[PDB]
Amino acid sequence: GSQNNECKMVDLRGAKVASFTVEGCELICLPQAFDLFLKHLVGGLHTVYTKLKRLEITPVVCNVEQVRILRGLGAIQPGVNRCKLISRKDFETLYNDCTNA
C-alpha cells in the first residue's frame, strides 16, 4: 500500500515509539509518547489537546489502517479506535510547554 501506512519504530528521548511518515514528515504516535513522558507531568490527554491548540499545533489523524497497526504493536490500547500523530519537534514543543513553560 501507500508509504504513509508503513510503520517503523524510532527513537524519542531514548525510547522506541511507533511512527508513520505522512505528507513528507515523520510523525510519532501521540498517545504512546504521552504515556512514556507526560503520564504524570500533566495527567490527561485532554489537557494535551488543549495545549496543542494553543501552541497552534494540529495533530494528524490516523486512518483506520494506522490505528489497527498501532493497536497491534501495543502503541495504543486494545479498546482505542482513534489516534493522532505529531512530529517529534512538535512533541518536544508540547513537552517543553508541559514541563518548563
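Note that residue numbering begins at 1 and tracks the sequence as displayed.
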Check your understanding: Which of the two stretches, 33 to 41 or 54 to 62, shows the higher mean Cα temperature factor in the record?
Key -> 33 to 41
Review point. In the PDB record, does 66 to 74 or 42 to 50 carry the higher mean Cα temperature factor?
Key: 42 to 50
Point to revise | Assigned third (lowest, middle, highest) for the C-alpha B factor of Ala18 | key: lowest
Exercise for review: Please rank the C-alpha B-factors of the chain's modelled residues and tell me whether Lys89 sits in the lowest, middle or highest third.
Suggested key: highest
